[PDB]
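Trainee: Dumping the structure here so I can ask a few things about it.
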Amino acid sequence: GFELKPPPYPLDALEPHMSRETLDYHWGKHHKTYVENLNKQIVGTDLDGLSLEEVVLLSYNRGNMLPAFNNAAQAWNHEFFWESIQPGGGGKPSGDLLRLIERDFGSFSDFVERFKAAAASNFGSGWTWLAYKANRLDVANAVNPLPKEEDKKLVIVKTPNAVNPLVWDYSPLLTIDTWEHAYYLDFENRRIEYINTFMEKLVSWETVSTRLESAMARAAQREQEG
Amino acid sequence: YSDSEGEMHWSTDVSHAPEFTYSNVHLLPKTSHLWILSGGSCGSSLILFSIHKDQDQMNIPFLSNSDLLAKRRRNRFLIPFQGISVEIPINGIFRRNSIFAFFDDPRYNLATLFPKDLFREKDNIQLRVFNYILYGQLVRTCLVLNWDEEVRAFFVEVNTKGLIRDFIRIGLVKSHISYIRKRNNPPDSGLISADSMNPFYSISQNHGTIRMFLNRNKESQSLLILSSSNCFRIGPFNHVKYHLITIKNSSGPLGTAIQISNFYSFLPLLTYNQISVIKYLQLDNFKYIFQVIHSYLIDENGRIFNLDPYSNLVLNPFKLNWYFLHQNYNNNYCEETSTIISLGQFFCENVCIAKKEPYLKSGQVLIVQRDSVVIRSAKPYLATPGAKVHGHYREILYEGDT
Amino acid sequence: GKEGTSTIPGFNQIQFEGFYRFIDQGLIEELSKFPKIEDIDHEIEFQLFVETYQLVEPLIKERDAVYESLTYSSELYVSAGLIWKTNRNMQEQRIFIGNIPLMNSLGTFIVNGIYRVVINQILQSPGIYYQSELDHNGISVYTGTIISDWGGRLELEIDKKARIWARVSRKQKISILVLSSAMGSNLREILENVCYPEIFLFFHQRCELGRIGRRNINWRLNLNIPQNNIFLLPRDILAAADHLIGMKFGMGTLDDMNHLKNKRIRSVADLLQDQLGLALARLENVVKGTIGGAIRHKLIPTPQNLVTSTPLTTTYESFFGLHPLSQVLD
Amino acid sequence: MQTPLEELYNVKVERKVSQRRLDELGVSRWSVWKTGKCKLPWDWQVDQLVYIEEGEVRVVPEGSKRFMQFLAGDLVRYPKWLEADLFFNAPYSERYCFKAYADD
Amino acid sequence: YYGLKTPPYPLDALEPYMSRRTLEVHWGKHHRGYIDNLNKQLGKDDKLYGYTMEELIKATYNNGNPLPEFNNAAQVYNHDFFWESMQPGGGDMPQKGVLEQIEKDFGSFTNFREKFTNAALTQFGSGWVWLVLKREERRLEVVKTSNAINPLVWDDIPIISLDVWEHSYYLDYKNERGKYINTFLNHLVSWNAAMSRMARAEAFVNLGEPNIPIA
Amino acid sequence: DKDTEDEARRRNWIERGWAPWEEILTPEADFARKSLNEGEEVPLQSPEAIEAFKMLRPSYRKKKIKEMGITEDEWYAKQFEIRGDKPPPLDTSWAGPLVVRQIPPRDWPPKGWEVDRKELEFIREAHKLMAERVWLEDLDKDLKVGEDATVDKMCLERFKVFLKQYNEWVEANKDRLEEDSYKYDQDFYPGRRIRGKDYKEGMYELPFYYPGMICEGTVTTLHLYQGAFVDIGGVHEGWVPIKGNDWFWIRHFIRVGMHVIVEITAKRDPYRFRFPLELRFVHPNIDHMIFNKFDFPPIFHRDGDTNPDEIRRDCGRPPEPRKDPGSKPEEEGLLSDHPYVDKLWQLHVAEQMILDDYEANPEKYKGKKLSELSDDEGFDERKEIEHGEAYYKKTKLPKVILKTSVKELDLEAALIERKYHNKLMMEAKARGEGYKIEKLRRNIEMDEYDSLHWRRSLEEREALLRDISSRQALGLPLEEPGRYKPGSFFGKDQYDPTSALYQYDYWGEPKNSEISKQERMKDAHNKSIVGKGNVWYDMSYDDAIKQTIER
Ligand SMILES: [Fe+3]
Ligand SMILES: [Fe+3]
């Protein structure tokens, strides 16, 4: 039921990089099918378009994998993926992330090499995520009697097919579409170039920071609400 | 009645269809013999079907401010021993809602009974502190333990340099059927109970093959044991009657057969049968279907070598030279040997192979070799027409069974 | 333990072994069956502490007992509990229930100065028995019968594909098509899990099989119910028709009621235990009668005052004097 | 001869692993689990990569009477669905990181 | 230590239903990359080395917990099985035993094609489409397996394999997987290949019926 | 329904493994079957019965044998001839010529037995040659026949190097392997190592063989329940898995003594698997007459096979199934019960036990420092978890005694804490108050040990969740396959007291119920303390500490 949000940048913004005709099918074909299938599957269900993010969580059904889940996750994944890239790209994180990756992944140089290796090692079609970890299990003894600041850290999670860290109660910050359709059309099968160009020419740290300044706001209330 | 454990068998003259279509009873239109193939029945011991399968050799037999001293653990707890007096049954079992401590309060709120551990695991035991009235001291409280399997109480002692302290624990020893997912093993405290597990830090015949088959009328495979008490060897006799830069022919490997791209199979077929040709042949390999074996050997350099392409010639890998095959392996089957005794056939007690050879004991031919034959003991029972055979084919009968 | 393995066993061992079993095991078993005493709820509660039972050697010797025409017997003492909840105070006393007759090593009792022996009785064992039956015209109807420790006669006969009669008595001719739920069981949830169900398309008198019956009902019907359970189960009734149908097709054989495996021998141990149970059954009525009189007069009686030696002594004297099995020693 | 329990239960063992491996694995960032002489029955519902710093741990698979001796400085990867116990006789601490499917 | 086995046809022989350029990367890069990675892993371990292809996949599968070498080991077999499953001038319609078995198990080929296409379409993400023979059930089956999973892990014998990995069709059919699936079954699938795979499978399943004596 | 005498017979062959095997009857037994058909006591009219009657005299047997021209031993051999219709003759047609490459076995070298790695890598290069594409069309091209086709024209160097290594290994292990055969295999059987005088030099060991190679051999023994065994010139005979009534037709073709061309299907460990060389006939082709298949190859059960899981793990057999608990592992509560805390609790008690005694009376303790204190005598013979039996005034209860050596105690840290906590109560006594201490230094170190164990259960659980979806999205099993089979698999009779089938609650619980009898006592026992009291209020124990602290 949800409308397909166009990417917040012109379709011809990264021609010296991944071309528009690739995007004409990655967004105009792949993403259109994902959203329209949801419109054909959420016609009269119990949800009928409550909120897109919780639909993936609701359709997750704790691993039961309802049929609408795959299109729902892909719709959010690609939509989240479009925001992750701006025409400028590259650069380095600005302050807010720097206090984290340095204390979690040693250094930015260590992190980027680790991030590229994780995405490259991702076998088959899937997604690689850099997600803030603010997990809260709905089970006995889940709450830590002595919470610590370093307990909620940044983790690099590689997920197959269509599954996002939202099902782990994590808050994704950035992701790379390691599905072959995202990168196979232009530079053949060189996923390494796809990962390199994504990190050095396409990452939007400011967008990640905006999606990170929200991360420790959903996290900023859990410890004080109780 | 059967005089030995074994499996039912009849060659013929017994109605395959039962008398009624719910019973293991068969009628004989003609008189015939019912054979009981002797076999050890190990039905008195547990059989693990994941490890015990057909034709397995069995070299081994089958099986068969004192508060801070307490502790709240998983479905158990310890308490100091002598105002929290302890009440216990004669043998000691707290079924449900039973009290184990009252703590009579003279003032008529509760004093802590545990060191308030920082992690509250989801235990089945529930502790409740019911306050009674006794009139209608009067508000003497009580300690009630409840679960949702039986608790057991037995005091443990901490010996150290002579001095002694008593400690009563109350476990939740269950039926052991719920002890899945070994994490959930109160046996983590079971060793301090009546257990004798070695810490591997200070601890420092029967034969027979498995004759197991699935009788679908039982939905459970039945087991027989074939050993030296059932199968015996008949004495040796002559029953098999047989009908160039090269070395003598010797039985051995020819080398790995590479796959043929014309047949696009990773492991080459190398052979069709009568059914296969009229079922699997792509109307293009007919030119290659030969009735005679043609052997080709290639080297690491890709060169194709055959020697004479008219006779069965192969290379011996161990001695690295060519030699002839035995009989050219013609497509049409021809009799090479002819054994007097065929495999799987039965005979009675006094059948004679020849004049010199002694008589053959009753049984079924189980193993056929070049000279000797191994027989599985069988006991034929003569049955007249109109008799009723109890049991389906290959059904296990024990001693005394009708 | 290896008594008769090598030598000829003592001729009185059966009498000897039975009595020791009765003293060792047949006393607490019946005493444990003695219930609590209370009317509804008042300043009264009476009970017996079974674990504290004691037996005292008789004062009189065997020669004195026969010469005086007395009964050579031991005295049974059990601690009893009484509380008056209006006072809410516990009164405890070691009461004297009565006298338990003692036999000598030769296997003979003396009651009122006469040597009496308790001969052995042979009865049909509790369990399922499949036996054919013929009628005025001849039906050859296979019949399954269930016997309990009370001599139950729950017959279950098959009239081919028609109903399965379950007459408890001769006038109780009743089917089981609608008795699927019956006592507390259910509808066709497990009835169709064995063979075919197309055929379908009291509290304590004879309802428990006992220790012996559970073994036999499992022995024939091949049931996984543990021997610890005593009460009959609808699974057992369900399995009764299961093997009953097989007899129609020729599988299995009819039980021979004259076979000793179908018989049970009850010795002096069994009979003395039964009379003890009757005595306690008469004893609980005495205390119930006593508390009614005590309440009606409003006096504070000791636990001894609530009991008398009559229920225990009289029943044994009646047993030895009237029961056909208790014969005068020849 | 019977096969050793190591490859029988496909438990990866990397004895006296060189310092190069410990870097890219982030062993310095693995959680610490320290214990003394005790017995820890357990069943691995997920793959676990355990590095041992001191002491030694003897693990017996459930139903077995043979133990697997792991010394200090080794790397042990307990696979999924493994039912066993963790015995100890000396103060023992480990750095571990449970790994999901294709995690790393 | 397995060489990169070339397809039984030149890379340009699949035109126009398959561009040779996509073959140059699907077989020249993806398959060869799988070949090189597997060979490096086999050099480390002498236990995995020495396993046959069918045994190596099943052993590395580890009963549902694949070893790190499984992905490379499974893929090299799948890609090798994929090239032989296709041939120039392929497609058409199977005959003889393969046709009889498909009719016997799936009712009709058109029923099988619908079952085959639906399994291929519903396969989400990277995976393979397998026409396999069940050892215990003694019948043909269509199974969808994601990523490198192949029915050898369940002892099933593959007969026809279809690669629905996005690298196999994107350069020619992009998002039109259905058309790519259809042209595979119409002009690419080698039904002659299935018969030979059936012949080897027949050596282990015996799809025939016995000849019970009258006596 | 029913079953005619054509499908029940078919069902018997397929499911019951029926086969009309020949019965070689004696003249007395043959006469019984031919004469009881006619009745009980009647003149025999059937010529078969009449002839069977005359054969009861072996003298009459001689006349018939003499008349038909038989040496009286062919007749004894004729009676064993297979009766019934013969199967159609086999016509094994080769699928083109067989092309053979002398490829060294992949599994070489054997377990252990380090060899020249440089030579080994040279050998292993031949394995990559398997991928070479070979067509029957380009086969006669550059074909060599005769002198040019001799061995001296062949490279075979990678195979030759393997032979050099193989021969060296054979010499160093010929005696070692033979002794193991005697040590483990009591009796020689087809498929076991040929030992004793029957062993001949030159027999190929198992590492010489590898699946996929073609061998020429002769069948030496036929086993009805196992199959035919082929001698392929090795120490262990090859095995072809032919089982059951399939032999009824195969026995006409596969007969002992014939020469066959066979293909090695699998090679296994001879110690575990009893038939280490699993074979497959390629001439004659029997694949169209083999309907009974071994799901798993038969294995031994050696002396040390105590753990069933080890046995099935050594081979490829599935694990032992168990009843599924029905509870999702991920939704189960986390565990914080660190096992060492229970042991650590014993040490904590001992620290307070010595200190309390030391503080109580200034005994001989002053002679030796607490840290300097040594253990007593006889601590070795204390079994340290030794059981026992005790009995109180009213109750008889089991007792367990736990010794604790003074070596594993931090007395100096404890006594300082003991004194420090002792120097913290007189202030309360200075104000007339209690001094219930929150926790002791031993207690807090239990908290971190539980915290460490809880942390292990935590990060595992979240990693478990991530593992669930990856397997769920990929079809991989969440739990171990084979293990945790569905319900009703374990037989048909399961005692379920919850189910009304096994329920005995017809009209209330009978007074003779052991549960009810063992319920009224708890009714008596719990009311032996309170009597006819009434419960004012009731709540769980966790809440019973909160309001007292809040006071
Ligand atoms: Fe994508
Ligand atoms: Fe592919």
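Numbering starts fresh at 1 for the residues of each chain in the structure tokens, the chains themselves are lettered A, B, ... in the order given, and ligands are numbered from 1 as they appear.
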Determine which residues of chain A sit within 12 Å of chain E, taking into account only C-alpha atoms, and present them as a PDB file with N, CA and C atoms, in the first residue's frame.

Mentor:
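Contents of result29.pdb, freshly written:
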ATOM      1  N   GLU A  21      21.261   3.432 -16.173  1.00  0.00           N
ATOM      2  CA  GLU A  21      20.508   2.301 -16.708  1.00  0.00           C
ATOM      3  C   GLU A  21      20.502   1.135 -15.735  1.00  0.00           C
ATOM      4  N   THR A  22      21.570   0.982 -14.954  1.00  0.00           N
ATOM      5  CA  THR A  22      21.527   0.052 -13.834  1.00  0.00           C
ATOM      6  C   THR A  22      20.471   0.482 -12.827  1.00  0.00           C
ATOM      7  N   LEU A  23      20.416   1.781 -12.531  1.00  0.00           N
ATOM      8  CA  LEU A  23      19.419   2.287 -11.596  1.00  0.00           C
ATOM      9  C   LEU A  23      18.017   2.246 -12.192  1.00  0.00           C
ATOM     10  N   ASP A  24      17.905   2.285 -13.524  1.00  0.00           N
ATOM     11  CA  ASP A  24      16.592   2.193 -14.156  1.00  0.00           C
ATOM     12  C   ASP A  24      15.929   0.853 -13.879  1.00  0.00           C
ATOM     13  N   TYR A  25      16.721  -0.187 -13.633  1.00  0.00           N
ATOM     14  CA  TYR A  25      16.179  -1.492 -13.280  1.00  0.00           C
ATOM     15  C   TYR A  25      16.285  -1.794 -11.795  1.00  0.00           C
ATOM     16  N   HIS A  26      17.343  -1.320 -11.136  1.00  0.00           N
ATOM     17  CA  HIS A  26      17.475  -1.536  -9.700  1.00  0.00           C
ATOM     18  C   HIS A  26      16.351  -0.848  -8.937  1.00  0.00           C
ATOM     19  N   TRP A  27      16.004   0.373  -9.336  1.00  0.00           N
ATOM     20  CA  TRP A  27      14.928   1.123  -8.704  1.00  0.00           C
ATOM     21  C   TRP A  27      13.635   1.094  -9.505  1.00  0.00           C
ATOM     22  N   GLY A  28      13.714   1.281 -10.823  1.00  0.00           N
ATOM     23  CA  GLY A  28      12.514   1.319 -11.637  1.00  0.00           C
ATOM     24  C   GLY A  28      11.858  -0.027 -11.848  1.00  0.00           C
ATOM     25  N   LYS A  29      12.611  -1.118 -11.719  1.00  0.00           N
ATOM     26  CA  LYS A  29      12.074  -2.454 -11.932  1.00  0.00           C
ATOM     27  C   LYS A  29      12.062  -3.282 -10.654  1.00  0.00           C
ATOM     28  N   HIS A  30      13.213  -3.441 -10.000  1.00  0.00           N
ATOM     29  CA  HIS A  30      13.272  -4.276  -8.804  1.00  0.00           C
ATOM     30  C   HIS A  30      12.448  -3.679  -7.671  1.00  0.00           C
ATOM     31  N   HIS A  31      12.635  -2.389  -7.394  1.00  0.00           N
ATOM     32  CA  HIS A  31      11.926  -1.777  -6.277  1.00  0.00           C
ATOM     33  C   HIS A  31      10.441  -1.615  -6.572  1.00  0.00           C
ATOM     34  N   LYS A  32      10.079  -1.363  -7.833  1.00  0.00           N
ATOM     35  CA  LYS A  32       8.667  -1.247  -8.181  1.00  0.00           C
ATOM     36  C   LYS A  32       7.929  -2.556  -7.937  1.00  0.00           C
ATOM     37  N   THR A  33       8.541  -3.681  -8.309  1.00  0.00           N
ATOM     38  CA  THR A  33       7.899  -4.971  -8.088  1.00  0.00           C
ATOM     39  C   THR A  33       7.710  -5.245  -6.603  1.00  0.00           C
ATOM     40  N   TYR A  34       8.695  -4.874  -5.784  1.00  0.00           N
ATOM     41  CA  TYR A  34       8.615  -5.155  -4.354  1.00  0.00           C
ATOM     42  C   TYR A  34       7.456  -4.410  -3.703  1.00  0.00           C
ATOM     43  N   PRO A  67       4.317 -14.957   3.827  1.00  0.00           N
ATOM     44  CA  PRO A  67       4.665 -14.679   2.423  1.00  0.00           C
ATOM     45  C   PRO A  67       4.915 -13.212   2.126  1.00  0.00           C
ATOM     46  N   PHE A  69       6.461 -11.129   3.917  1.00  0.00           N
ATOM     47  CA  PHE A  69       7.670 -10.621   4.558  1.00  0.00           C
ATOM     48  C   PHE A  69       8.747 -10.272   3.538  1.00  0.00           C
ATOM     49  N   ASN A  70       8.942 -11.127   2.532  1.00  0.00           N
ATOM     50  CA  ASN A  70      10.057 -10.940   1.608  1.00  0.00           C
ATOM     51  C   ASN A  70       9.937  -9.622   0.853  1.00  0.00           C
ATOM     52  N   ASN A  71       8.745  -9.321   0.339  1.00  0.00           N
ATOM     53  CA  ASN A  71       8.554  -8.048  -0.347  1.00  0.00           C
ATOM     54  C   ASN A  71       8.638  -6.884   0.629  1.00  0.00           C
ATOM     55  N   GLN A  74      12.393  -6.270   1.465  1.00  0.00           N
ATOM     56  CA  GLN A  74      13.071  -5.699   0.307  1.00  0.00           C
ATOM     57  C   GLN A  74      12.655  -4.252   0.084  1.00  0.00           C
ATOM     58  N   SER A 121      32.713 -11.313   1.482  1.00  0.00           N
ATOM     59  CA  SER A 121      32.519 -12.694   1.900  1.00  0.00           C
ATOM     60  C   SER A 121      31.057 -13.115   1.889  1.00  0.00           C
ATOM     61  N   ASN A 122      30.127 -12.175   1.740  1.00  0.00           N
ATOM     62  CA  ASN A 122      28.706 -12.500   1.769  1.00  0.00           C
ATOM     63  C   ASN A 122      28.356 -13.336   0.546  1.00  0.00           C
ATOM     64  N   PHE A 123      28.152 -14.632   0.757  1.00  0.00           N
ATOM     65  CA  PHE A 123      27.867 -15.546  -0.337  1.00  0.00           C
ATOM     66  C   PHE A 123      26.419 -15.411  -0.786  1.00  0.00           C
ATOM     67  N   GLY A 124      26.208 -15.482  -2.097  1.00  0.00           N
ATOM     68  CA  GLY A 124      24.863 -15.391  -2.618  1.00  0.00           C
ATOM     69  C   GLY A 124      24.312 -13.976  -2.550  1.00  0.00           C
ATOM     70  N   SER A 125      22.996 -13.888  -2.716  1.00  0.00           N
ATOM     71  CA  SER A 125      22.296 -12.613  -2.667  1.00  0.00           C
ATOM     72  C   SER A 125      21.940 -12.281  -1.225  1.00  0.00           C
ATOM     73  N   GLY A 126      22.318 -11.087  -0.791  1.00  0.00           N
ATOM     74  CA  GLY A 126      22.047 -10.682   0.571  1.00  0.00           C
ATOM     75  C   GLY A 126      22.417  -9.234   0.789  1.00  0.00           C
ATOM     76  N   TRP A 127      22.460  -8.849   2.060  1.00  0.00           N
ATOM     77  CA  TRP A 127      22.773  -7.482   2.447  1.00  0.00           C
ATOM     78  C   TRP A 127      23.816  -7.482   3.554  1.00  0.00           C
ATOM     79  N   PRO A 160      21.516 -12.636   4.635  1.00  0.00           N
ATOM     80  CA  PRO A 160      21.215 -13.188   3.312  1.00  0.00           C
ATOM     81  C   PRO A 160      19.837 -12.762   2.825  1.00  0.00           C
ATOM     82  N   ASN A 161      19.617 -12.980   1.526  1.00  0.00           N
ATOM     83  CA  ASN A 161      18.361 -12.664   0.853  1.00  0.00           C
ATOM     84  C   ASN A 161      17.784 -11.321   1.282  1.00  0.00           C
ATOM     85  N   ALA A 162      16.681 -11.352   2.030  1.00  0.00           N
ATOM     86  CA  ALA A 162      15.985 -10.144   2.471  1.00  0.00           C
ATOM     87  C   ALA A 162      15.661 -10.282   3.955  1.00  0.00           C
ATOM     88  N   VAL A 163      16.581  -9.829   4.799  1.00  0.00           N
ATOM     89  CA  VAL A 163      16.355  -9.724   6.235  1.00  0.00           C
ATOM     90  C   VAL A 163      17.207  -8.580   6.762  1.00  0.00           C
ATOM     91  N   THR A 178      24.257  -5.998  -1.644  1.00  0.00           N
ATOM     92  CA  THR A 178      25.149  -6.990  -2.227  1.00  0.00           C
ATOM     93  C   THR A 178      24.424  -7.970  -3.136  1.00  0.00           C
ATOM     94  N   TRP A 179      23.115  -7.813  -3.312  1.00  0.00           N
ATOM     95  CA  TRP A 179      22.408  -8.557  -4.344  1.00  0.00           C
ATOM     96  C   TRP A 179      23.036  -8.280  -5.702  1.00  0.00           C
ATOM     97  N   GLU A 180      23.159  -9.331  -6.514  1.00  0.00           N
ATOM     98  CA  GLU A 180      23.857  -9.195  -7.787  1.00  0.00           C
ATOM     99  C   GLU A 180      23.183  -8.179  -8.699  1.00  0.00           C
ATOM    100  N   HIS A 181      21.854  -8.063  -8.631  1.00  0.00           N
ATOM    101  CA  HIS A 181      21.154  -7.120  -9.498  1.00  0.00           C
ATOM    102  C   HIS A 181      21.616  -5.689  -9.261  1.00  0.00           C
ATOM    103  N   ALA A 182      22.108  -5.391  -8.058  1.00  0.00           N
ATOM    104  CA  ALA A 182      22.511  -4.028  -7.741  1.00  0.00           C
ATOM    105  C   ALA A 182      23.773  -3.616  -8.484  1.00  0.00           C
ATOM    106  N   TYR A 183      24.652  -4.568  -8.795  1.00  0.00           N
ATOM    107  CA  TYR A 183      25.959  -4.215  -9.333  1.00  0.00           C
ATOM    108  C   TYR A 183      26.416  -5.048 -10.518  1.00  0.00           C
ATOM    109  N   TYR A 184      25.705  -6.107 -10.901  1.00  0.00           N
ATOM    110  CA  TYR A 184      26.238  -7.007 -11.916  1.00  0.00           C
ATOM    111  C   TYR A 184      26.168  -6.402 -13.310  1.00  0.00           C
ATOM    112  N   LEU A 185      25.222  -5.493 -13.543  1.00  0.00           N
ATOM    113  CA  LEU A 185      24.934  -5.062 -14.906  1.00  0.00           C
ATOM    114  C   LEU A 185      26.037  -4.187 -15.486  1.00  0.00           C
ATOM    115  N   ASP A 186      26.669  -3.339 -14.675  1.00  0.00           N
ATOM    116  CA  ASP A 186      27.593  -2.337 -15.224  1.00  0.00           C
ATOM    117  C   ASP A 186      29.037  -2.833 -15.249  1.00  0.00           C
ATOM    118  N   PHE A 187      29.601  -3.143 -14.085  1.00  0.00           N
ATOM    119  CA  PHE A 187      30.985  -3.616 -14.019  1.00  0.00           C
ATOM    120  C   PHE A 187      31.049  -5.124 -13.781  1.00  0.00           C
ATOM    121  N   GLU A 188      30.374  -5.864 -14.664  1.00  0.00           N
ATOM    122  CA  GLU A 188      30.435  -7.332 -14.751  1.00  0.00           C
ATOM    123  C   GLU A 188      30.263  -7.926 -13.352  1.00  0.00           C
ATOM    124  N   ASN A 189      31.144  -8.824 -12.911  1.00  0.00           N
ATOM    125  CA  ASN A 189      31.007  -9.514 -11.635  1.00  0.00           C
ATOM    126  C   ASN A 189      31.963  -8.991 -10.573  1.00  0.00           C
ATOM    127  N   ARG A 190      32.664  -7.889 -10.839  1.00  0.00           N
ATOM    128  CA  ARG A 190      33.673  -7.381  -9.910  1.00  0.00           C
ATOM    129  C   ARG A 190      32.967  -6.743  -8.719  1.00  0.00           C
ATOM    130  N   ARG A 191      32.536  -7.598  -7.787  1.00  0.00           N
ATOM    131  CA  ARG A 191      31.934  -7.100  -6.556  1.00  0.00           C
ATOM    132  C   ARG A 191      32.928  -6.276  -5.751  1.00  0.00           C
TER     133      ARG A 191
END

Trainee: Compile the contact shell of residue 2 in chain D as a PyMOL selection string: residues with an atom at most 10 Å away, counting only C-alpha atoms, same-chain residues fewer than 4 positions apart removed.

Mentor: (chain D and resi 8) or (chain F and resi 271-272+302+304-305+310-311+314)

Trainee: Keeping C-alpha atoms, export the residues of the selection given above as a short mmCIF file (atom, residue, chain, number, x, y, z; two decimals), in the first residue's frame.

Mentor:
data_model
loop_
_atom_site.label_atom_id
_atom_site.label_comp_id
_atom_site.auth_asym_id
_atom_site.auth_seq_id
_atom_site.Cartn_x
_atom_site.Cartn_y
_atom_site.Cartn_z
CA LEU D 8 34.74 -36.96 14.87
CA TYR F 271 38.10 -51.10 10.80
CA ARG F 272 34.61 -49.57 10.97
CA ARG F 302 34.08 -53.11 17.96
CA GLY F 304 35.17 -49.94 22.47
CA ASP F 305 31.90 -48.55 21.13
CA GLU F 310 30.22 -41.87 18.49
CA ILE F 311 29.36 -44.96 16.43
CA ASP F 314 32.08 -42.40 12.72
#

Trainee: Apply DSSP to the structure's backbone, then extract all residues of range 106-191 of chain E labelled strand (DSSP E or B) and return them as a PyMOL selection string.

Mentor: chain E and resi 127-133+140-146+157-163+189-190

Trainee: If we count only C-alpha atoms and set the cut-off at 12 Å, which residues sit around range 204-217 of chain A, ignoring sequence neighbours fewer than 5 positions away in its own chain? Please answer as a PyMOL selection string.

Mentor: chain A and resi 8+80-100+129-135+149+152-154+166+169-176+198-199+222-225

Trainee: Using only C-alpha atoms and all ligand atoms, what are the residues with an atom within 6 Å of ligand 2, set out as a ChimeraX atom specification?

Mentor: /E:79,163,165,168

Trainee: Could you please determine the separation between CA of residue 29 in chain D and CA of residue 103 in chain A in Å, to one decimal place?

Mentor: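 These two atoms are separated by 10.0 Å.
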